[PDB]
Structure formats: structure tokens, C-alpha cells
Amino acid sequence: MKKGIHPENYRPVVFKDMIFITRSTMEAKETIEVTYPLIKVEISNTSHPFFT
Amino acid sequence: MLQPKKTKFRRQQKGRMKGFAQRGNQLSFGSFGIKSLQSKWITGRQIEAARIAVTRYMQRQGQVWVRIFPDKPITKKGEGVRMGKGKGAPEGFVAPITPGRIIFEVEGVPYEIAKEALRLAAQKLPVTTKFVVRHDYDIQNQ
Amino acid sequence: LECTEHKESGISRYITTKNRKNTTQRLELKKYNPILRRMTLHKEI
Amino acid sequence: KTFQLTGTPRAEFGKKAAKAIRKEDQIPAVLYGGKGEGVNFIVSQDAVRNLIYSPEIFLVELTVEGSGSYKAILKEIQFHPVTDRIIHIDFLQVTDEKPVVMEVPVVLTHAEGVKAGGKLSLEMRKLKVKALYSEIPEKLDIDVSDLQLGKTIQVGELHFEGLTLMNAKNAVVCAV
Amino acid sequence: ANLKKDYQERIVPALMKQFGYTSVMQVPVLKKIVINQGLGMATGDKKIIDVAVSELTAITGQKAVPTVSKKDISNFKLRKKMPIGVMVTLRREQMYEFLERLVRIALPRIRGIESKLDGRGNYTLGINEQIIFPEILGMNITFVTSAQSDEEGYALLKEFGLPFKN
Amino acid sequence: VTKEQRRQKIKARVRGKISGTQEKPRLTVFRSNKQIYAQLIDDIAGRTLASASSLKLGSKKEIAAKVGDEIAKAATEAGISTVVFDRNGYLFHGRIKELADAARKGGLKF
Amino acid sequence: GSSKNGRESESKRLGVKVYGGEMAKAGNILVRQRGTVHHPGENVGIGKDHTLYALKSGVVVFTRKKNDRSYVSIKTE
RNA sequence: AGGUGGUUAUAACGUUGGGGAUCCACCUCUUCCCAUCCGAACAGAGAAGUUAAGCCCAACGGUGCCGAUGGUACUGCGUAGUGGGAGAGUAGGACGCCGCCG
RNA sequence: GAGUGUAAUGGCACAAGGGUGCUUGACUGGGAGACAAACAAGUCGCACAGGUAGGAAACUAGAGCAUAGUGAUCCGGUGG
RNA sequence: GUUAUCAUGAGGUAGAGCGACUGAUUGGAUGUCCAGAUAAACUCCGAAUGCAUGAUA
Ligand SMILES: [Mg+2]
Ligand SMILES: [Mg+2]
Ligand SMILES: [Mg+2]
Ligand SMILES: [Mg+2]
Ligand SMILES: [Mg+2]
Ligand code: NA
Ligand code: NA
Ligand code: NA
Ligand code: NA
């Protein structure tokens, strides 16, 4: 909350499972139709065997 | 020999025994014991000799309690040493006792054996003593 | 390593101590100048 | 279970009065409990000789002359350090209103099996019990016909009557 | 605000149904997610304390601080001045967004999770690899709940989506 | 540790030097979530000399002015000036400052 | 044969100087103490070495309070 | 059901129940006064919600606290007398008592 | 049951223990009255005038939680 | 000035105690508990005397 110290780039982005926008720092080089910031990931919790 | 595992101080001022014992004048563990009629310092060597004597009697059936522990350091100067120049060479520990304090407690043996076993122990001690039986004792069940 | 100090600037002087290996810069404190009857800066000599 | 005691009135108090009392082979004594103040009176060494010097316990039926008649139990005996003679007694008044803690003898009444060899050992000689004064046994019998090997009967693992075993539960009342 | 709606709109209306509270203030609510890691190796090589700060900030999104020692133990070369820990205390929505970054992507990237709490209802997690997250020498994770026993804590815990076990 | 043990700790620190006599009575304030109160107290006597509050009377800081002024009129009639202001475990800020400022701006040397 | 002892320092003559009931002039020393064995009450001040002294003339009063804490104060008129 | 004092806990701590007219509180959000790694604390802005918790009331001898009478220890004077009289423990007491303001 | 640079003892919760913001009162002229006391020495403390620091203010500040860390006179040095 | 009486005050000795601290310590059941017990440099307690102040004789 303090001005300054907090690092920037913390902007919303939707992760891909291989879609849910979540405020995260990691800004992968991509875009998508706003909610442009996108990151591609491997099997999420929807595809992990034991987790499902 | 009975002595503290460690002490805070190496020397101690020789105190003063004043009156009758107000603690440890009653039997708690056994049914028979011996109690002092004088005030005196009791040494560890005296206690070990008396305990071996009472344990030698009663064969191997019964339990003996020592109800005093020597925690008072004493010293002695020695021959050819004049007065002054500080305290002398250490000489072990003693336990100060006053009249009424119980020394040896015995249980597990009939009345006559206990009376005789503590008589042998009292004859190794520097103070005259007295036999005590607990007031709830039963002469018709031993 | 704690020596006498004399802060200056009749003249106005204040005597005090300080550790010469801990405080290595000359002392400079505001004190009351009796001659001027107001606070002025006194520096070590 | 019952003892007959009587005692004379006591008026003076202090170092001088008490020393003169025992000069006649008497004992100062007090009685207190529940409603009302205490009672100061005098008993004799002959009178209380069989009340205290005994393996038994009794409910003292006390008749203090000049004051009245009550029921009491032994609470505290004061002994001389050297002579081991009685110098003071206080009796707790007992009524049928609330329980009272007292310790009754416990007797190991045959031994279990062949037994481990002359053991049959009574360890805890007395057990604290709280109950109405007219519910306290004269004795605490136990039957011992099980576990002739290394065993122990605890204080908690026993139920006698409408008593209450306050005698430091999870302890050991017999063994071997 | 990803699991925030899922909790207030959906998860809360079920906790009261089962445990049967007479109100809505008796239901457990995790209040913070504390993260920490021990840097005893930094007692002899302290250049790896700043790097931990930089890594411990890209994950949660909010700056962390060093933790100074508190004891004088020679067996760890420890005197009561050294920085040997880095902690971050996420709270309110900051832990809400962080929680979704973990239940979906952290446990999935594991090479599930133990079921044992402190007894007051605070599940703590020590993961031995820091690359389990996207932005990245493990780090502790503690969810301090408003529950009372493990029963109430577990119901709040499993509703979020924590993989847990059995 | 529970929003009150600290306040009582701060209360006793302030009371270590601030009290009230027949002259210079103590000005005491209590801040609730919705209201605000004031009281003039004579510690030697133990009784309250005057009072004001906003229970029966803008944002919360805008209402502390009226409490800070209504306590002046009550003390103005009774003949009180040069009161001493105690924090009562409250930081000197916000609503509490406006109450103190209004009391000073009136007839009291708070 | 020797002693490693034989040392001592001068005693400081500490303690209560004006007892409860007596009259004090302003400035009078009431208690010399190490620490606040006694605490300053009304009209009583404390020095650098915890010396208790009278700020006003009057009657010396001792008073025990919570946790058996002792206070010294002067009763004026 | 609040604020603020006096009385050295017989006043404290705790346990089990009750309480939402209005109050106290938790509660909601950080644009502003102000604050920490974090509106957790502190501060500001509100009344959408609850008595669940703090808080207050009833009952409880549970932990602590108070505590006789008698006897004893010790002791001033004096050479057994003449005066003072503990500590511990036991009967018991105690779930406060009083002022001001709203 | 910790800490309080340093022995021991006494003290400390409104902390005298731990943090930060600003500061130099580790002030000029002072000593009503006491403690202690062979002397020489030692200790605590004013009232108010001048000018400051912190504070919203009340107020506090003539060094440090206290008690050791020391050396007369003669004779010389330095600044007014 | 002294002594007595009354009023007021501050004590930490004798004694006592040890789940009130520190150190030491006995036996049991088994760090937990039940008993037993110690000290110039231990104290949750605590006299008798003595001491200070005022008044009267
Ligand atoms: Mg000395
Ligand atoms: Mg008496
Ligand atoms: Mg003078
Ligand atoms: Mg003694
Ligand atoms: Mg003793
Ligand atoms: Na000497
Ligand atoms: Na006598
Ligand atoms: Na007593
Ligand atoms: Na002990």
C-alpha cells in the first residue's frame, strides 16, 4: 500500500491450461481478446491426474 | 560417602544449634526409628558405619532410611600451623542435628528384630539416642 | 581514545570529551554564547 | 467404632495456663466445626490413652462438662519433640450435613494363587475417604484372587460403598 | 478476487448449513497467508540474502523484508544481528489472488499434500522447491484461519481447493 | 493485544502527569465508533463538573467540532478556563484534534 | 598459606531519614536508597541517586498501596 | 449493557448459561488526514449487516487471594518467675464494596 | 523465570527494557534547605533572570537506572 | 539532658518455610505425581528488643 516500494507490472492476466484472468506479476509476451496479458502453461489443476 | 554433588560455596561459618528439632521428629516411612537426645555434628563416616551395621542385621528383608544428609563443609588446620592466615584444609561434610531429630527409620521386620538392629547402629553414633514406635502400630500383627 | 575537546566561537569555550577513533570528524554543536547571549555554533579546535 | 471421652472446662489461656495444666497430667484441647465458636476444655492422659495409642479408629462421643455434648473425630495431635508426649489435641465436630475426609485402615484380606514368593505386600496403609460420618467403614477389605504374577491394584480401580476415594488416585494400593 | 466471490457467494452458504451456527460470524475465515524461508547459509555468504528478496517479491507481488536473528548459537555461527530470513505477509485480496496462483498452478507443477495442523486450525506448508510457481531453497506457507479446531479449519481448507490427501 | 490492553497501557502513561483540580479541570474524551463525548472532571473531588456529547446532537470529524464547542459553553457558564487535555489513550489526530481545537478556539485554554 | 580476600568498601549510610509523623522543611532529605525502595508521592521529589526530598513543608506520610508499593508524601495546610 | 475515579484481589482469574429496543462492539471500503512487508495495528470514510467473540447480568468454591481460636517456636527483664508472642497448618470467608456524569 | 555496555546488590511494566522523528539542557548567572562528617574532602537539591530543544498542550531537559573508573600542595604549559 | 507512658513510623534478625525464588536433597509411584526435608552470602513470611519524632510526668 505504501507508495513506491511495491513493484510494478502486477497486472491481470489469464493463464492457459492446454482461461481465468488473475492479477499476477509474470507478464509473458503475448496478447488475447481487454485482458490482453496472457501466459501459456502446461497442464493446470484441471488436468493434473491426482488433483482430479 | 554422602555429600553434595556440588556446592555454591566452598567454606561455611560454623553456626549454632539452638533448640529442639521441630521438623523430622515424627516417623513417616517405617514403624521404628532412633531419635537423638543431644545436639552434635554427625559425620559421613559415622553414618556409613551405623547403616552397614543395621543392614547387616535383618538379613536381607526390610528397608532402612537415612533421614539426615551431611551438607555442611568443615575444615582443619593441621600440625605446625599457627593461628591466622585464613581457613584450613577441607575435611569433608557433616550434618548438624538437634534433640528430637530422627536418624534411622526401619520397616519390614518384627518388633524385636528392629529393636536390636537399631541398637547396633546407635552404638556407632556420637550421640545417645532413643527407640521410637509409631503410635498407630499394632503389636498383634507383624 | 577518549580525549578532551574544546569547542570555540572575550571568547566562548565549552570543554567536553569524545572518542577520537569513533567520532573522527570535528565536533560542531550549537551552544549558548554568553557574550552575545544567543545560541551560536561552536566547532572543535 | 465409638469412644467415650469427657473433659473439664478451661478458662485461662497462654504460656502460664497451659504449663500448669500439664503439671497435673492434663492436656489442653479444643473442638470446632460448622456452626458456632470453638470450645476450650481439658482432658486427661489416662482418658485419651486408648483413643490415640491404638491401631483402631473411632468416632469420639465427646461430653464436655459445663458446655454440652457433641460428636467429634480426631483432627490434630501435637507431640513433644523429645518426650513424644501429647501436649495438644483438636477435635473436629462431625454432623450428618456434609461429608468429611478421614483415612481408614485398608486390609489385604487368601493371597492370589501360589504368589510370587512371600510378597503379599501392603503398601498403602491408609486411604483418604470423604463421606457422612455414619458411612465410613471400620476397615477396607480387599479380596485378592487374580494375577499371581507381577501385578498391582490401584486406588482408582476400586469401588467400596457410598464412599469417595480422594486418596491420590492413580497410585498403588497393593502389589505382587 | 477470484476465490473471493467463490467464498462469500458460494462457500459461506454451505459452512453454516453443516456445522449449524446460529449466525455468520462463527464460520472460519482464513485471515492471512504468511510465507517464510530460512537462510542459515547466509551467515557465511550474505550476498544470497538480497537475491532472496528479489525472488520473494516476484511471486506474491508485494515487497518482502529480511528477518534478523534472535539468538547467540555458535553451531550456526549465529550472533544476534544477522539477516537469516525473508518473510511476506499477504492479506485481504493480495492473498486471494495469490491463493489462485497456487491451487491451480503450484500443486500441478509438483514433482499431494500432508494433512496435519498445529491443533488450532492453521495449516502450514513447506515446499522444498521454489520453481513450483510461475515467477521463479523452499519456503514456508501458513494459512492463519479464524477456525477453532481442525474440523472447522479442514472444511474451510478443502472448500478452497487445497489438494490435501485422503 | 486486544484493542484495550494497549489503550489502558497508554491511558496510564498519560495519567502519570495529567490530572484535575478545582482550577484547571481535566478534559477527557471518549471516542466510540459512531459518537464522541467529553467530560470535565475534578479528580480530588471525584465528580464531573460539565459534559457534552453528540448522541442527541457532515462526517465524523465535522461533528466533533460541535462537541468541542458545546463543552466550551457548558464550562463558560460554570466559570472554567485553562483546562488540561488528556488523550485517554488516543492519538492526537482526526476527530480528537478537532474537539481539542474547538475547545481551545472558544473560552478554554485546553 | 594466604587469603585471597580482605577487601571491602565504605558503607553509604543509607535509609530513612525523616520518619512518618515528623515535620519537614522544604529541601529536607527524607530517604537515601538504591533504587525506588520508596516512591515519591505528593509534594516529594526524587534526585539522581533516587534520593527522596521534600518539595514543600509539612508532615511526612508513608502509605502502602497495590502490590505493597510504598509511597512517601508531604501533607501541607 | 456506556465514561471516569476511590478502596493493597475478600476486588483477580476462570467455568456454564442469557443479552440486542438504544448503547458498546464486531462489521464494510481505503479517494482524504495518517500508518506498516500488510488499512493486521493506527487513522479516515459509513450503517449494508450480525450477539458469534469482547462487554454486561445470573449461578458456581473450580485456580489464585484472605484467614481465625487454641497450642507451639522465639524472645525483653530476671535467675523459675514475670511480660510480649510468631511462621506453618486447621475451622472458615469470599464470584467485591463505594462516588460522580449520560 | 530475559534485558538493563561492565562485579555485586537494590531497582525497573505508566517500564529505568526495545524502536523510530526531530534535536544538543553533556545550557550562561545559580544553591532556600538537607545528608554525611576529626579535618581536608564527598552527596542530593533550589528560587528566578537570559536564551533554547521536543510537544497540540500540560509539561520535561544544568548528561547517562543507581552505587567503582582515582591523586592535595609546590612548580611549569596553553586560551582569555 | 535523662527515664517512663501514650501516639506515630521504617525494618528483615530470632524463629519459620521451601509446588514463593536460587542452590542442595530422601524414598516411592513412575518429564507427571505422593510423601520427607536444608542454607552466612535462599526468602512467599516474621517477632521480642532496639531506633526516630511529638506530647505529658
Ligand atoms: Mg558495603
Ligand atoms: Mg495467637
Ligand atoms: Mg545550603
Ligand atoms: Mg535461622
Ligand atoms: Mg531451617
Ligand atoms: Na575487614
Ligand atoms: Na521468658
Ligand atoms: Na499464624
Ligand atoms: Na528450596
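Just so it is clear: chains get the letters A, B, ... in the order the sequence lines come, proteins before strands, and each one is counted from 1. We use all heavy atoms of the structure for the numbers below, so side chains are in, but hydrogens, waters and symmetry mates are not.
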Minimum-distance nucleotide (side-chain atoms of [X] versus [options]):
X: F/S32; options: H/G44, H/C24, I/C44; value: H/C24
X: D/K15; options: J/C18, I/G64, H/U82; value: H/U82
X: C/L29; options: H/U4, I/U24, J/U53; value: I/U24
X: B/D71; options: J/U38, J/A37, H/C24; value: J/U38
X: B/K18; options: I/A15, J/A14, I/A58; value: J/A14
X: G/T36; options: H/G44, H/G2, I/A16; value: I/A16
X: G/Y53; options: I/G45, H/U82, I/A58; value: I/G45

Pairing defined as Watson-Crick or G-U wobble with both contacts under 3.5 Å. Yes or no for [N] and [M]?
N: I/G50; M: I/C27; result: yes
N: H/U28; M: H/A88; result: no
N: I/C59; M: I/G69; result: no
N: I/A53; M: I/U60; result: yes

d(D/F79 CZ, D/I89 CD1) to nearest 0.5 Å is 8.0 Å
Test: D/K75 and D/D90 ion pair at under 4.0 Å:
no
Would you classify [N] as syn or anti? Syn applies when the glycosidic angle is within 90° of 0.
N: I/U70; answer: syn
N: I/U20; answer: syn
N: H/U79; answer: anti

Heavy atoms under 4.0 Å, any strand shown: does B/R16 hit a base, just sugar-phosphate, or nothing?
nothing
Passes side chain to side chain contact (heavy atoms under 4.5 Å, CB included), E/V86 versus E/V65? Steps please.
CA-CA 6 Å; E/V86 177; E/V65 284; over 6 Å; no
Are J/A20 and J/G19 stacked, with six-ring centres under 5.5 Å and planes under 30°?
no
Classify the angle between the aromatic ring planes of D/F41 and D/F91 as parallel (below 30°), tilted (30 to 60°) or perpendicular (above 60°).
tilted
Grab the CZ-P distance between B/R23 and J/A37 for me, whole Å please.
5 Å
Mind telling me the pucker class of [N], north or south, from the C1'-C2'-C3'-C4' torsion?
N: H/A47; value: south
N: I/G33; value: north
N: I/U70; value: north

At less than 4.0 Å, is any side-chain N or O atom of C/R13 found next to OP1 or OP2 of I/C27? Yes or no.
no
Under 6.0 Å between ring centres: does that hold for F/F85 and F/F92?
yes
Would you say whether B/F9 stacks on J/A41? The test is a distance between ring centres of less than 5.5 Å and an angle between planes of less than 30°.
yes
